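Participant: Okay, here's the structure, questions in a sec.
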Amino acid sequence: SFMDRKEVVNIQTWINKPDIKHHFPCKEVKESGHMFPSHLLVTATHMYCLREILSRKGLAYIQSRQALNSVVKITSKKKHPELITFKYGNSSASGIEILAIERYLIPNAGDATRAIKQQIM
Amino acid sequence: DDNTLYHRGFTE
């Protein structure tokens, strides 16, 4: 497909792209509680989230694409430390402006966030 | 309740 609901691409094809500095399987978590097997792909300036299309092996929606420069907070839950929340927007001395929030349950929470954090800086 | 892992302006 070119679009199913969003843009459809081939997960492998993307993983091997030169831009890709990192890659992390996970599941996006919705407020509704549903979870969606995905792959966070990290570049030197962006972080994509490819949502696996179950019925079409090896294909994913391009579910989102955020600029590392727009990441302001990254938290893990205490009760469940592999549940990583990403908070996007603007940050200054007075406080924080939250424009978007993505939540992923990430297998190697520690390694992943450390990789992303290293990119962010 | 959560743990800050990164917070732009503060944890660098």
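Simple scheme: letters A, B, ... for chains in structure tokens order, numbers from 1 for residues in each chain, numbers from 1 for ligands in the order shown.
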I need the residues in chain A that are strand (DSSP E) according to DSSP; give them as JSON, numbers by chain.
Facilitator: {"A": [8, 9, 10, 22, 23, 24, 25, 26, 27, 28, 29, 35, 36, 37, 38, 39, 40, 41, 42, 46, 47, 48, 49, 50, 51, 52, 59, 60, 61, 62, 63, 64, 65, 66, 67, 71, 72, 73, 74, 75, 76, 77, 83, 84, 85, 86, 87, 88, 89, 90, 91, 96, 97, 98, 99, 100, 101, 102, 103, 104, 105]}
Participant: Could those selected residues go to a file with C-alpha atoms, as a CSV table (one decimal), in the first residue's frame?
Facilitator:
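Below is the file result.csv, written as the result:
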```csv
chain,number,residue,atom,x,y,z
A,8,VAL,CA,2.5,2.1,4.8
A,9,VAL,CA,6.2,1.2,4.7
A,10,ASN,CA,8.4,-1.9,5.1
A,22,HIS,CA,18.9,3.2,16.6
A,23,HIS,CA,15.9,0.9,16.6
A,24,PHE,CA,13.7,-0.4,19.5
A,25,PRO,CA,10.7,-2.8,19.4
A,26,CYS,CA,8.0,-1.8,21.8
A,27,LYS,CA,4.2,-1.3,22.1
A,28,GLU,CA,2.5,2.1,22.0
A,29,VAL,CA,0.1,2.4,25.0
A,35,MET,CA,-1.4,-1.7,22.9
A,36,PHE,CA,0.1,-1.7,19.5
A,37,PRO,CA,3.3,-3.5,18.6
A,38,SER,CA,5.6,-0.9,17.1
A,39,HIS,CA,9.2,0.1,16.5
A,40,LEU,CA,10.8,3.3,17.6
A,41,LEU,CA,13.3,4.3,15.0
A,42,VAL,CA,15.7,7.0,16.1
A,46,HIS,CA,14.0,12.6,14.6
A,47,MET,CA,12.2,9.7,16.2
A,48,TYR,CA,9.7,7.7,14.2
A,49,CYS,CA,7.2,5.3,15.5
A,50,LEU,CA,6.2,2.5,13.0
A,51,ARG,CA,3.0,0.7,14.0
A,52,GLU,CA,3.1,-2.9,12.8
A,59,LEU,CA,4.7,-3.7,7.0
A,60,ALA,CA,4.0,-0.7,9.3
A,61,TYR,CA,2.1,2.5,9.4
A,62,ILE,CA,4.3,5.6,9.9
A,63,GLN,CA,2.3,6.4,13.0
A,64,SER,CA,4.3,9.6,14.0
A,65,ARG,CA,7.5,11.5,13.6
A,66,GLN,CA,8.8,13.9,16.3
A,67,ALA,CA,11.8,16.1,16.4
A,71,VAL,CA,11.4,16.5,23.6
A,72,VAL,CA,11.1,18.2,26.9
A,73,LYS,CA,10.5,15.3,29.4
A,74,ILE,CA,11.0,11.6,29.5
A,75,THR,CA,9.7,9.7,32.5
A,76,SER,CA,9.4,6.0,33.4
A,77,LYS,CA,6.6,4.8,35.8
A,83,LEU,CA,6.6,2.2,30.5
A,84,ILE,CA,8.3,5.3,29.2
A,85,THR,CA,6.3,8.5,28.6
A,86,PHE,CA,7.6,11.0,26.1
A,87,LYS,CA,6.5,14.7,26.5
A,88,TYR,CA,7.0,17.1,23.6
A,89,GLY,CA,6.7,20.9,23.5
A,90,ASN,CA,8.7,23.9,24.8
A,91,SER,CA,10.6,24.3,28.1
A,96,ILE,CA,7.0,23.6,30.5
A,97,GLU,CA,4.6,23.8,27.6
A,98,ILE,CA,3.2,20.3,26.7
A,99,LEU,CA,2.0,19.9,23.1
A,100,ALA,CA,2.2,16.1,22.6
A,101,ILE,CA,2.6,13.0,24.7
A,102,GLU,CA,3.5,9.5,23.5
A,103,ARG,CA,3.7,6.4,25.8
A,104,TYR,CA,5.6,3.2,24.9
A,105,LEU,CA,6.2,0.0,26.8
```
Participant: Any idea what the distance is between CA of residue 34 in chain A and CA of residue 11 in chain A?
Facilitator: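 So the two atoms, CA of residue 34 in chain A and CA of residue 11 in chain A, lie 21.3 Å apart.
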Participant: If you take only C-alpha atoms and a cut-off of 6 Å, which residues of chain B touch chain A, and what are their nearest atom pairs and distances in Å to one decimal, in chain and number order, as a tab-separated table?
Facilitator:
```
residue	atom	partner	partner_atom	distance
B:2	CA	A:77	CA	4.3
B:3	CA	A:75	CA	5.3
B:4	CA	A:75	CA	4.6
B:5	CA	A:75	CA	5.2
B:6	CA	A:74	CA	5.0
B:7	CA	A:73	CA	4.4
B:8	CA	A:72	CA	4.8
```
Participant: In Å, rounded to a single decimal, give me how far CA of residue 68 in chain A is from CA of residue 18 in chain A.
Facilitator: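 So the two atoms, CA of residue 18 in chain A and CA of residue 68 in chain A, lie 17.7 Å apart.
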Participant: Using DSSP secondary structure from the backbone, list all helix (DSSP H, G or I) positions within chain A, as an MDAnalysis selection string.
Facilitator: chainID A and resid 11:15 68:70 109:120
Participant: Grab the CA of residue 43 in chain A to CA of residue 112 in chain A distance for me, in Å with one decimal place.
Facilitator: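 A separation of 12.9 Å between them.
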